[PDB]
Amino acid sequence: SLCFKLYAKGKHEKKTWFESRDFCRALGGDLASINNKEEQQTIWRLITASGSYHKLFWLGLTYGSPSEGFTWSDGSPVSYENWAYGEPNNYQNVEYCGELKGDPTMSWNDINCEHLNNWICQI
């Protein structure tokens, strides 16, 4: 079993999706995968425990292909989904990575992978 770890930082420490993935892998883990409602509840509870409200976080979500759909960087299946209303929308055709809106709904949005965000590792 892995443990989720929140990285909620100021703009100077925020990372692109690829930088966040590489950071978590350097620690022996990966960006967090949310494969069912239970994992989602674990992360929400972790958000409440740290008081890290009103934040956006990279998850391990990245677009694969038409025959795969989205994928998790850790290789686990994208069975469960929790996209926000109207998402994923591939806005302007440049959104290939997934972020978590860290409020009680725990919804996902696709966004440009070069955006600087907070992130969640599984270690």
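In case it trips you up, residue 1 is the first one in the sequence shown, and so on. We call the rigid core the largest set of C-alpha positions that still match within 1.5 Å between the two forms.
*Asks:* Between 76-84 and 46-54, report the one with more C-alpha displacement in 9 other deposited structures of this protein relative to this form after a rigid core superposition.
*Replies:* Between 76-84 and 46-54, greater C-alpha deviation in 9 other deposited structures of this protein belongs to 76-84.
*Asks:* Once the rigid core is matched, which of the two stretches, 89-97 or 34-42, lies farther off on average in 9 other deposited structures of this protein by C-alpha?
*Replies:* Stretch with the larger root mean square C-alpha distance in 9 other deposited structures of this protein: 89-97.
*Asks:* Using only C-alpha atoms and the B-factors in the entry, which stretch averages higher, 65-73 or 82-90?
*Replies:* It is 65-73 that shows the higher mean C-alpha B-factor.
*Asks:* Would 55-63 or 41-49 have the larger average of its C-alpha temperature factors, as given in the entry?
*Replies:* That would be 41-49.
*Asks:* Among the candidates 8, 2, 121, 116, give the one with the maximum CA B-factor reported in the record.
*Replies:* Reading the PDB entry, the winner on C-alpha B-factor is 2.
*Asks:* Could you look up the Cα B-factor of residue 25 in the entry and say which third of the chain it sits in: lowest, middle or highest?
*Replies:* CA B-factor rank for residue 25: middle third.
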